[PDB]
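# Architecture and fold: a report
Here are the chains, one letter per residue:
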Amino acid sequence: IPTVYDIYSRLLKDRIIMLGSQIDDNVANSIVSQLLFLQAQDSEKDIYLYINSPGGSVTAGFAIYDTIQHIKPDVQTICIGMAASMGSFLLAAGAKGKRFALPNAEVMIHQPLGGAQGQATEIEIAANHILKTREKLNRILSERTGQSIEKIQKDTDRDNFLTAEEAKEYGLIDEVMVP
Amino acid sequence: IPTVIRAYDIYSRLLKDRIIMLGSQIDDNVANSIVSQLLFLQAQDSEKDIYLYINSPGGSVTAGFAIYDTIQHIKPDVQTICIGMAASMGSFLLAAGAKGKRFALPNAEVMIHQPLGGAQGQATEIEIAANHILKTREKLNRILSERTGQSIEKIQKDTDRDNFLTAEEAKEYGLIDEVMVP
Amino acid sequence: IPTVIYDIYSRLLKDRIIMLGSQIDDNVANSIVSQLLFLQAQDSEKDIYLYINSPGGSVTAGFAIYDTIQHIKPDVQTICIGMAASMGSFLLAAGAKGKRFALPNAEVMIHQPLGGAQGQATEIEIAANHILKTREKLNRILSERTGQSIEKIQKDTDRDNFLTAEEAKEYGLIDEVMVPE
Amino acid sequence: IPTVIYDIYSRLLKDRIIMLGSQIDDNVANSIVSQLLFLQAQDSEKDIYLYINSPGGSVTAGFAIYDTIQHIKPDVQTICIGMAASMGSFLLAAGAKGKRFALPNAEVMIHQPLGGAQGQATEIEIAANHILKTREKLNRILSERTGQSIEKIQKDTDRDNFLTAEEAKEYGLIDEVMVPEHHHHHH
Amino acid sequence: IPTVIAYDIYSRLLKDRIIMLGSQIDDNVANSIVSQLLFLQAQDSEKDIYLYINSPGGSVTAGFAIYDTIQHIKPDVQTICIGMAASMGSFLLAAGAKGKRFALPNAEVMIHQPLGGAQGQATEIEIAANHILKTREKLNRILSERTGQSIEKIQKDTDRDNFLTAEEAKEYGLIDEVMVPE
Amino acid sequence: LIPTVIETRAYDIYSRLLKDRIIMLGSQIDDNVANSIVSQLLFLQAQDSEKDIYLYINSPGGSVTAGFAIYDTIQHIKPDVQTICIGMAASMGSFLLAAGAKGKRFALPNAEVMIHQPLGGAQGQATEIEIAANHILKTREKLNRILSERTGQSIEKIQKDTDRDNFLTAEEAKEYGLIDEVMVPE
Amino acid sequence: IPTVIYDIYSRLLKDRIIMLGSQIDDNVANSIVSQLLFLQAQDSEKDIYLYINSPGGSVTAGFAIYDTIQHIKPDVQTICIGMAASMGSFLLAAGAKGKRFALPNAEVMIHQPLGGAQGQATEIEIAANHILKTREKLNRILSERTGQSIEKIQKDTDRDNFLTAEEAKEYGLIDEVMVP
Amino acid sequence: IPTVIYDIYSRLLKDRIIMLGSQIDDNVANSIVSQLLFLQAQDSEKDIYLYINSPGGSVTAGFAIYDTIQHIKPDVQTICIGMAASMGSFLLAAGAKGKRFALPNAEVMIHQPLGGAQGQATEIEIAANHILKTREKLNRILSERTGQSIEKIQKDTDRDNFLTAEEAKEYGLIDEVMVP
Amino acid sequence: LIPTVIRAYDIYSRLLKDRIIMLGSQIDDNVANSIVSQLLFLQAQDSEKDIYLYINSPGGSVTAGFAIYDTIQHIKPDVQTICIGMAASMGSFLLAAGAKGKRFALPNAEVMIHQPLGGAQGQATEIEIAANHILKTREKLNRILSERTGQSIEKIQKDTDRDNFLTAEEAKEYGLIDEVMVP
Ligand SMILES: O=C1[C@H](Cc2cnc[nH]2)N2C(=O)CCN(C(=O)NCc3ccccc3)[C@H]2CN1Cc1cccc2ccccc12
Ligand SMILES: O=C1[C@H](Cc2cnc[nH]2)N2C(=O)CCN(C(=O)NCc3ccccc3)[C@H]2CN1Cc1cccc2ccccc12
Ligand SMILES: O=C1[C@H](Cc2cnc[nH]2)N2C(=O)CCN(C(=O)NCc3ccccc3)[C@H]2CN1Cc1cccc2ccccc12
Ligand SMILES: O=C1[C@H](Cc2cnc[nH]2)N2C(=O)CCN(C(=O)NCc3ccccc3)[C@H]2CN1Cc1cccc2ccccc12
Ligand SMILES: O=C1[C@H](Cc2cnc[nH]2)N2C(=O)CCN(C(=O)NCc3ccccc3)[C@H]2CN1Cc1cccc2ccccc12
Ligand SMILES: O=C1[C@H](Cc2cnc[nH]2)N2C(=O)CCN(C(=O)NCc3ccccc3)[C@H]2CN1Cc1cccc2ccccc12
Ligand SMILES: O=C1[C@H](Cc2cnc[nH]2)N2C(=O)CCN(C(=O)NCc3ccccc3)[C@H]2CN1Cc1cccc2ccccc12
Ligand SMILES: O=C1[C@H](Cc2cnc[nH]2)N2C(=O)CCN(C(=O)NCc3ccccc3)[C@H]2CN1Cc1cccc2ccccc12
Ligand SMILES: O=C1[C@H](Cc2cnc[nH]2)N2C(=O)CCN(C(=O)NCc3ccccc3)[C@H]2CN1Cc1cccc2ccccc12
Ligand SMILES: O=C1[C@H](Cc2cnc[nH]2)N2C(=O)CCN(C(=O)NCc3ccccc3)[C@H]2CN1Cc1cccc2ccccc12
Ligand SMILES: [Mg+2]
Ligand SMILES: [Mg+2]
Ligand SMILES: [Mg+2]
Ligand SMILES: [Mg+2]
Ligand SMILES: [Mg+2]
Ligand SMILES: [Mg+2]
Ligand SMILES: [Mg+2]
Ligand SMILES: [Mg+2]
Ligand SMILES: [Mg+2]
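### Quick notes on the overall build of chain D
- Counting its secondary structure elements, chain D contains seven helices and eight strands.
- Expressed along its principal axes, the backbone C-alpha trace of chain D runs to roughly 70 × 30 × 30 Å.

### With respect to the UniProt feature "active site" in chain B
Residues and elements named next belong to chain B.
- Per the UniProt record, "active site" is annotated on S88 and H113. Separation in sequence by 26 residues is not matched in space for these annotated residues, since their most distant C-alpha atoms are only 6.0 Å apart.
- Residue placement: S88 occurs in the loop between β5 (78-87) and α4 (89-94).
- Other than its neighbours up to four places away in sequence, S88 contacts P57, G58, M111 and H113.
- Mapped onto the elements, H113 comes out in the loop between β7 (109-112) and β8 (116-122).
- Engagement of the side chain of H113 in a polar contact is seen with the side chain of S88, the distance being 2.6 Å.

### Focus on the interface of chain D and chain B
- Counting residues at the interface gives 32 residues for chain D and 36 residues for chain B.
- Elements with a contribution of two residues or more to the side of chain D that touches chain B: α1 (8-14), β1 (17-20), β2 (48-54) and β3 (76-85) of chain D.
- If you tally residues by element for the side of chain D that touches chain B, the top one is α1(D), at four residues.
- Residue composition of the side of chain D that touches chain B, by class: 19 nonpolar, nine polar and four charged.

### Some thoughts on the coordination of the magnesium ion (ligand 11)
- A:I68 (O) and A:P73 (O) make up the full set of protein donors to the magnesium ion (ligand 11), lying at 2.6 Å. For the pair shown, A:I68 and A:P73 are each scored as buried.

### Some words on a nonpolar patch on the surface
- Together, A:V4, A:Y5 and C:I5 line one region of the surface with nonpolar side chains, adding up to about 300 Å² of accessible area.
- Note on placement: A:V4 falls in the segment before α1 (7-13).

### A closer look at the interface of chain G and chain D
- Between chain G and chain D, the contact holds 19 residues from the first and 19 residues from the second.
- The largest per-residue losses of area from chain G upon contact with chain D belong to G:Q120, G:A121 and G:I124, which jointly make up 32% of the total buried on that side.
- Where chain G meets chain D, there are zero salt bridges.
- Counting across the chain G and chain D interface gives nine residue pairs in polar contact.

### A few points about the site of ligand 3
- Contacts to ligand 3 come from 14 residues, most closely from B:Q42, B:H73, D:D15, D:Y49 and D:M178.
- Neighbouring residues of ligand 3 are distributed over chains B and D.
- B:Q42 is positioned such that a nitrogen or oxygen atom in its side chain is 3.1 Å from a nitrogen atom of ligand 3.
- The contact in question runs from an oxygen atom of ligand 3 to an N or O atom on the side chain of D:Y49, over 3.0 Å.
- Breaking the shell around ligand 3 down by element, the ones donating at least two residues are α2 (28-44) of chain B together with α1, β2 and β3 of chain D.

### Side note on the packing of aromatic side chains
- Taken as a whole and assessed by the stated rule, the structure comprises 27 aromatic pairs over all chains.
- Aromatic side chains D:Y66 and D:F90 sit 5.3 Å apart centroid to centroid with 40 degrees between the ring planes, which places their arrangement in the tilted category. Within this pair, whereas D:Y66 is found in helix α3 (residues 59-71), its partner D:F90 is found in helix α4 (residues 87-93), the two being separated by 24 residues in sequence. For the residue pair D:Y66 and D:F90, the accessibility class agrees, reading buried in each case.
- On the basis of an interplanar angle of 80 degrees and a centroid distance of 5.9 Å, the ring pair of H:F63 and H:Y66 is categorised as edge-to-face.

### A short note on the pattern of salt bridges
All names here are of chain D.
- The tally for this structure, following the rule as stated, stands at 70 salt bridges over all chains.
- Among the ionic pairs, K99 bridges to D75, the shortest N-O distance being 2.9 Å. Remark: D75 occurs in the loop between α3 and β3 and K99 occurs in the loop between α4 and β4 (100-102); sequence separation between them is 24 residues.
- Note on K99: relative accessible area 23%, which makes it partly exposed.
- Residue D75 is classed as partly exposed on the basis of its relative accessible area, which comes to 33%.

### A look at the arrangement of the chains
- The interface with the most contacts, out of 17 pairs of chains in contact, is the one formed by chains B and D.
- No interface is formed between chain F and chain G, the nearest pair of C-alpha atoms being 22 Å apart.
- Across the gap from chain A to chain I, with no contact made, the nearest C-alpha atoms are 21 Å apart.

### Quick look at the site of ligand 5
All names here are of chain D.
- The immediate surroundings of ligand 5 are formed by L37, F38, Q40, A41 and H71.
- The separation between a nitrogen atom of ligand 5 and a polar side-chain atom of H71 is 3.5 Å.
- Burial of ligand 5 by the surrounding chains reaches 35%, relative to a free accessible area of 700 Å².
- Among the elements that make up the shell around ligand 5, the one with the highest residue count is helix α2 (residues 26-42) (four residues).

### Topic: the packing of helix α2 (residues 26-42) of chain H against helix α3 (residues 59-71) of chain H
All names here are of chain H.
- Packing of α2 against α3 brings their axes to within 8 Å, and their N-to-C directions diverge by 10 degrees. As judged from the angle between their axes, α2 and α3 are roughly parallel. Here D26, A29, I32, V33 and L36 of α2 come into contact with α3, specifically with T60, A61, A64, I65, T68 and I69.
- Taken together, the residues of the contact of α2 with α3 break down into eight nonpolar, two polar and one charged.

### Details of the UniProt feature "active site" in chain D
All names here are of chain D.
- Sequence positions flagged by UniProt for "active site" are, in local numbering, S86 and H111.
- Structurally, the position occupied by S86 is in the loop between β3 and α4.
- Every residue in contact with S86, bar those within four places of it in the chain, is listed here: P55, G56, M109 and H111.
- Ignoring any residue separated from it by four or fewer positions in sequence, one finds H111 in contact with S86, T157, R159 and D160.
- One polar contact links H111 to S86, side chain to side chain, over a distance of 2.6 Å.

### Some points on the pairing of strand β4 (residues 49-55) of chain E
All names here are of chain E.
- Among the seven residues that make up β4, six are buried, leaving the element largely enclosed by the rest of the structure.
- Each parallel crossover has a hand, and the one from strand β3 (residues 18-21) via helix α2 (residues 27-43) to β4 is right-handed.
- Where β4 meets strand β5 (residues 77-86), six bridges bridge the pair, whose relative direction is parallel. Bridge pairing in β5 places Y52 opposite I80.
- A crossover connection joins β4 to the parallel β5 through helix α3 (residues 60-72); in handedness this β-α-β unit is right-handed.

### Observations regarding helix α3 (residues 59-71) of chain C
Residue and element names in this part refer to chain C.
- With 13 residues, α3 extends 18 Å from end C-alpha to end C-alpha; this agrees with the ideal 18 Å at 1.5 Å per step.
- With eleven of its 13 residues buried, α3 lies for the most part within the structure.
- Listing the buried residues of α3 in full gives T60, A61, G62, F63, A64, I65, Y66, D67, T68, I69 and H71.

### Some words on the nonpolar core
- Core analysis: the biggest nonpolar cluster contains 57 residues, and E:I19, E:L21, E:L37, E:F64, E:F91 and E:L174 have the highest contact counts within it.
- Each residue touching E:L174, except ones within four places of it in the same chain, is listed here: E:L93, E:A94, E:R101, E:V109, E:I111, E:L143, E:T147, E:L164 and E:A169.

### As for helix α2 (residues 31-47) of chain F
Residues and elements named next belong to chain F.
- Here α2 contains 17 residues, and its C-alpha end-to-end distance of 24 Å stays within 8% of the 24 Å for a straight helix at 1.5 Å per residue.
- Residues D31, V33, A34, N35, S36, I37, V38, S39, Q40, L41, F43 and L44 constitute the buried set of α2.
- A distance of 3.0 Å separates the backbone nitrogen of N32 from a side-chain oxygen at the start of α2, and that oxygen is part of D30.

### Here's the deal with the side chain of A:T121
- Position of A:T121 among the secondary structure elements: in helix α5 (residues 120-145).
- Overall, A:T121 belongs to the buried group, its relative accessible area being 15%.
- A polar contact of 3.4 Å, which involves the side chain of A:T121, links it to the side chain of B:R137.
- Setting aside its immediate chain neighbours within four residues, A:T121 contacts B:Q114, B:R137, B:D160 and C:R159.

Rules behind the numbers
Residues numbered from 1 in each chain as written, not as in the entry; some residues may be left out. Chains lettered and ligands numbered in written order. Part of a larger assembly, values for the part shown. Heavy atoms only, no water. Residues with missing side-chain atoms left out of burial classes, pairs and counts. Helix = DSSP H or I, 4+ residues; strand = E, 2+ residues; numbered from the N terminus. UniProt positions renumbered as here; feature names shortened; annotations may be inferred. Contact = heavy atoms within 4.5 Å. Polar contact = N/O pair within 3.5 Å; in protein donor to acceptor, adjacent residues only side chain to side chain. Nonpolar A, V, L, I, M, F, W, Y, C, P; charged D, E, K, R; others polar. Donors = N, O, S within 2.8 Å, 3.2 Å for Na, K, Ca; no water. Buried < 20%, exposed > 50% of the residue type's maximum accessible area, 1.4 Å probe, protein only. Patch = residues over 30% accessible without salt bridge, like charges linked within 9 Å, V, L, I, M, F, W, Y side chains within 5 Å. Areas by Shrake-Rupley, 256 points an atom, 1.4 Å probe, with all protein chains shown as cover. Salt bridge = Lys/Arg side-chain N within 4 Å of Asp/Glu carboxyl O. Buried area = accessible area lost by both parts, 1.4 Å probe. Near = heavy atom within 4 Å. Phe/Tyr/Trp six-rings, centres within 6.5 Å; stacked < 30°, edge-to-face > 60°. Axes fitted to C-alpha atoms, helices over the stretch in contact; angles between N-to-C directions. Parallel < 35°, antiparallel > 145°, perpendicular 65-115°, else oblique. Right-handed = clockwise from strand over helix to strand, strands pointing away. Pairing = 2+ DSSP bridges. Expected span 1.5 Å × (residues − 1). Core = buried A, V, L, I, M, F, W, Y, C linked by side-chain atoms within 4.5 Å.

Structure below.
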């Protein structure tokens, strides 16, 4: 982590947040904290969320998602390298018209992953829970992309890799960012 | 394992007298052995009673149903006798014995509960696994109802959590017919 | 991790925001208790804001936080973001009356305490009596805090019970779903 | 394994009964192939009985059994007891026409083949092509054996598909569900 | 394991109606001993059986499998403690035919309350606690019947590890006689 | 994990509390923890020999000797040491709770206090086992005598009540004499 | 890491030098992307120097760096020192035209992408198709950057292909061997 | 184990020779107890010969063997070959009076019992009392078998006490050193 | 997590400013090196003022302990020793090494003395050398302990054959300390 401020701290000064890892609670807590801080500094100026992430925890993803929608500033999203799973969800959650990917960036969508062990009743509860979570994700993706819930369901049944151009056509981003 | 003398290990000697020992966790190996023994004993004599000793914590449901189905299939009555413990699929098999010939010894423990399992992967895979174990439970409960004379509704309630029964309670419940007195 | 002009968490603490963003253990509880006591000393009148994104954890560590909240003079707002499960949802419900919040897609889960015991029968008995008393304590406070009967709380926490933000509001675990500003 | 004055499995083999009661690997396949060939040599006309309680296993091992069954003259009856999954359900369906059975509470599961591949892109490609060809081969034979279309088999095996004995019969994986008087010779 | 002519040494002792419980009690051991007891009854319903006990104890349900089989069969089962009988081992020592429970002079007898475990939800812990407490009550009641001591005294005396000499075990009522040299 | 505070100097939160004479015993008691707490007690006495010190206890207990390092330092120094149980005080933790200045031992309402007999181990020769047994028995006699003095309960009662794990509510800890007061909200 | 009064790496960044001296993963990509952004913001006209001593690593992480290089205004010079293998050599070739360098004894290796897949046939199919497409993408860009045909790139990357600095130049992966 | 036309050990048992050639655990004790009772049943008058090459082991398992020796009618000769340590040397001393032997270079070691305890103070107390009572029992019987005082045995077993065969004879652990 | 006092010191450094050294761990070479360095520094600051060595230690390395012992004896200032919690083995040896009249324990502190521990593997000759070494070391420890306590070497040898736990009061009567420090 080079110094100038460490490099990430320096970027944050210019309202740039870097989501560059698996999404877990720690990452979500930091990005939530950064979003709230930037709102407090200036409630009008755009924020820039860089996304290079293979995804991760859905609830941690939703911590970031809800904070983005809560605050006043537009949050631009820029996919660089890869946005997969909850990462592609957050990519699609950026301000309308301000969701971007660079030309060689990859976007992947798939259904949520999980686990359950124990009694039949416990398995049932866990199964109902991840199914409801999927419905929730699909509903929001539908609203964000313009695709039907039915299409999202079908298209996320297995790993679905998209180019930046394909992500744009899908409605996950608004624009491929040109040199 | 002791030998008796015609030289038999003790278990083989009991089998000569139509006694089968289910004395471990139920897995596919155990089921294959017990199924083989049942089919052998039917061939040896299609009419004479078979005696199935049960000291088991249960195990695989499918392995258990291998034994269950073979018992119901063959012509001989299969007596069941709980000694020590019959839990889960073990208690299911105890209840599967010929009507009137299901026993426990006085200090034997019988435990009933819902089936256990696991699933990891995609939501759709979790769904399939969940639906499978729920159907499995419905299947078990339906047969338990038929074998005990209890309603399915009561079986469901009574198996929600671990439910330990004395021999005498197992009799009242309809899991066995009699407590075998000295 | 990032720094401003303060690490980001310390910067939020300057504005009376405490982040409960992990499993609750004694270390987390000690930290949050300390922050709560400091904030009271700095300003006994201004509200405090407790962010909760937690799968829960130690009950006694949870009660450390709970008792400090109730002890101090300032109102402690609770805001569920991401997930509040188990002792996490308990603390969510323990916020100042009228100032318990969840964001729209936040998840709230309630269930019964988990534990373990091994040894002699008498030791198992002691352990069982303990966790049962702990559950009664938890359920009574939840009853008081939500307006639900103890009997309903008992039934509703028998197994894992997942609630949406709106359901958590209807239940009385929170007062309001926080809508976009 | 108890003894009868023969270990129990050997005693059953005497009556032309083969027990497939485990995961299918090369050892299991070598054993069953040898038993089939032996039984044919003893008597080329009498039926053989293949018991199946198996979660499946190796596809190549399974095809060793499959091909030996179809090679020998005797009919090989199949009976599912407990569970027949994956390659196990394939072998269940490979029994002599009219002589494939399941007991009432037996479980039958069908799904697509599982595998792995690591290394260079071209190596991954080769592995992918190989398992995809293997699936086509399995599906074609299942189609012939069940009377279901390849298209239906493909759709039905995309994920784990659990069938009851009765469902397996209507699917054509088996021919019949084996269903179960007073006397005074009980003792 | 040496051979005699062809018997392994233990099988030779079984020929003379001697069963060796010389290990921790688990389901496998219980199944073996049960099988031996039933075989010996079938061989001769009237001649005494000798159960050698050198055991630190083990599974209570496994122990009860042995216990109930002893009480069920017609022949008297003598018990002889050699080395150590602890826990379920001492329970089975006490379960021998009245007047035919023995220990050799330097044999050790230890009684204590049952051990176990529980994890999971409070309700699950409660179920496990009620179960082991009921098991202890069952053990204590039978020990009371077998020793002539009150249930309350058994409870106190098994609260922690309680080591007895052979003579002390006789005075307690766990055995009838200390077997002195020939 | 540990946030910083800045006033008109920069402090980690724990250092800031120490500035106001608050010491945190918030972990298992071992030699390192005891060393830190002893050092803090000495320092605070030196800073002011008359002003109260506040010892927060959220601890499952731990080393008896390490506990006695803290105990003896509390008794040695001139300032009253208030004890405040928050979360849990168990074993040596509850011993130190009971060790606070008379009238200034507290617990918050849902704090858990647990008392039991000391734990230990010994392996090797019979005579080595004997030495270890005599040691832990003497140690228990020492603990119980002090507990008796601190609570007003008889040694006989303490012996009985610590035979196995004994979970007390804050209110029960007060009636037992382990604390003086259940701390009500400010 | 020595200090200058800056740690050494921070000191080099002050003079618009970025050090890629490890395996390429997401964390490394994130750092280099950030440095590239920062240096653009400091001065959009002055050249940036990217040192490459890397065995390669994540293709997606490498494309984060690749795309950021092509996005920003400043020319990014690339200098291979020690080794540039796999995605490392890809990024070496991605430097500003006329400003891709290697020192005389630096090693350059090109090969096809590596990966893995396990599970159902259809999952293996998806993984296979993905890495094959990734290889097409890599090869197409290499073709554009080197001036070699896609067909030649495919052949030459079928197995590990070690090049000297001089060989890398005549291949078109670099423009010049930096001579003492 | 070679075969004779019997495994070698079974052949020796035919001539009333029992091999205690390992650590003493419950399995070993059960086997030896069984052999002793069998040999008594075969002939209640003829001597038995117990070979001892053992580092000792479980005290209770040792007492299983000990009590069986004293119980049966036949004299049980003991012959230490190689090493008899701890419970091994206790059993050596337990042979029929006048018929306890060691070969010249055999090693005899006596020491106090080993054990362990963990948990609550009162549990440690119970375990301590137990092992102390066991040592009193061992020492009382050793005293009876050797003619040495309980006080002397206590002192001599405080730590590992290695004896030659000749020293074992003067100690009273054996009667005779068996000469070629 | 060591707290800071503010001129910003961690708590241990703050105590060192008042000439208090804290030995609160197993004695190894690192611990000895630090304590030796502290003793030297304090002597350099002021060669006349007392130093205070707090001891809560289960002991450890004999040679490390002797690095501390020798440095205490070498420097001009009196080094007081105060046993808090536990002083075992080499820890109790260092407690006894304090300036005469200035060795203390708090009332519930525990002092344990025993013989040194060690190990040896290899050839008979190597075992012999190791044995002779540890036996010499014990003679050295016992002789110094005799000088420090006023007890005979013969008594020290007997009393250290096995773990010997002393109360603070007993440690005083034994001569390991001068005084039990009363509140
Ligand atoms: O789309 C934009 C635009 C594009 C722009 C215009 N002029 C320079 N860059 N933008 C702004 O309009 C203001 C903030 N900003 C700065 O660079 N600000 C300067 C700066 C200062 C200190 C450190 C870093 C950057 C950028 C951030 N992003 C999003 C962005 C985020 C993360 C990584 C990226 C990689 C490649 C392209 C975009 C990226
Ligand atoms: O409910 C509130 C309200 C909401 C508000 C009103 N005006 C701005 N925000 N609130 C206050 O009323 C004062 C303190 N504060 C600041 O933002 N203060 C400004 C600030 C300064 C410096 C750093 C960060 C924030 C917030 C904290 N929270 C709780 C809270 C915690 C953590 C993460 C959250 C994410 C989303 C919503 C809420 C969050
Ligand atoms: O379906 C059949 C038929 C019909 C039949 C007769 N009794 C039950 N089912 N069959 C024959 O017609 C000849 C061979 N045979 C014998 O039982 N032969 C007698 C015998 C002798 C010695 C040992 C075992 C069995 C059986 C074998 N099988 C297949 C089979 C295999 C394995 C386990 C099974 C469990 C349950 C039902 C069938 C099973
Ligand atoms: O009982 C008390 C009393 C109670 C009081 C009276 N007015 C405010 N609080 N007390 C003092 O009388 C002086 C020191 N102090 C401060 O708060 N001082 C102010 C301060 C300044 C800077 C940081 C923290 C605290 C408190 C500490 N404690 C003990 C204590 C310790 C740890 C955590 C606790 C959590 C809940 C209750 C008590 C706690
Ligand atoms: O190709 C042949 C030929 C031709 C043949 C095929 N079916 C019957 N005959 N052959 C002989 O001409 C003599 C030996 N033999 C017997 O079966 N002999 C009878 C016999 C007796 C006893 C035990 C086993 C087999 C066979 C062995 N093989 C090779 C072979 C090996 C292993 C498994 C096989 C499975 C399927 C086909 C071939 C197999
Ligand atoms: O309930 C019965 C009845 C009734 C009976 C007669 N004597 C004891 N019980 N029964 C028969 O009617 C014929 C077969 N049989 C023999 O003992 N047969 C004799 C024999 C011969 C050779 C070896 C063993 C047993 C018994 C088996 N069982 C079931 C049984 C199984 C396993 C362990 C048990 C332990 C305790 C009680 C029952 C047990
Ligand atoms: O015996 C003494 C005496 C006793 C005294 C006098 N006034 C207060 N205490 N003493 C001095 O005479 C000068 C140095 N000093 C300070 O405390 N100085 C003040 C101070 C300043 C800064 C930080 C801490 C303490 C103390 C150190 N020790 C030794 C000592 C060491 C370690 C831990 C101990 C725990 C309990 C008792 C003693 C301890
Ligand atoms: O002291 C004796 C004497 C000595 C004797 C006299 N003639 C031969 N040997 N003795 C008997 O008086 C009868 C039994 N016996 C046989 O050798 N019997 C013959 C035999 C037959 C088959 C296998 C082994 C031995 C021996 C056993 N022992 C004890 C003994 C035990 C174990 C190992 C020993 C090693 C060395 C010396 C003694 C040993
Ligand atoms: O108490 C008895 C009684 C009385 C008796 C006779 N001699 C010694 N004790 N008993 C019989 O009345 C018939 C069966 N039997 C034989 O020895 N039978 C002879 C025999 C033949 C073949 C092999 C072994 C033993 C003995 C078994 N036991 C129990 C017993 C079990 C195990 C190990 C023991 C060790 C020491 C004492 C007793 C032991
Ligand atoms: O032999 C010497 C001599 C003699 C001396 C020792 N004590 C007083 N005088 N010496 C000097 O003549 C100049 C440097 N110095 C200081 O102490 N200087 C003062 C000082 C200032 C600040 C910090 C530490 C020491 C010492 C260092 N050494 C070597 C030495 C090294 C390391 C640890 C030792 C431990 C014990 C003895 C010697 C040690
Ligand atoms: Mg916004
Ligand atoms: Mg039947
Ligand atoms: Mg409040
Ligand atoms: Mg055929
Ligand atoms: Mg009987
Ligand atoms: Mg005080
Ligand atoms: Mg550029
Ligand atoms: Mg004798
Ligand atoms: Mg000095």
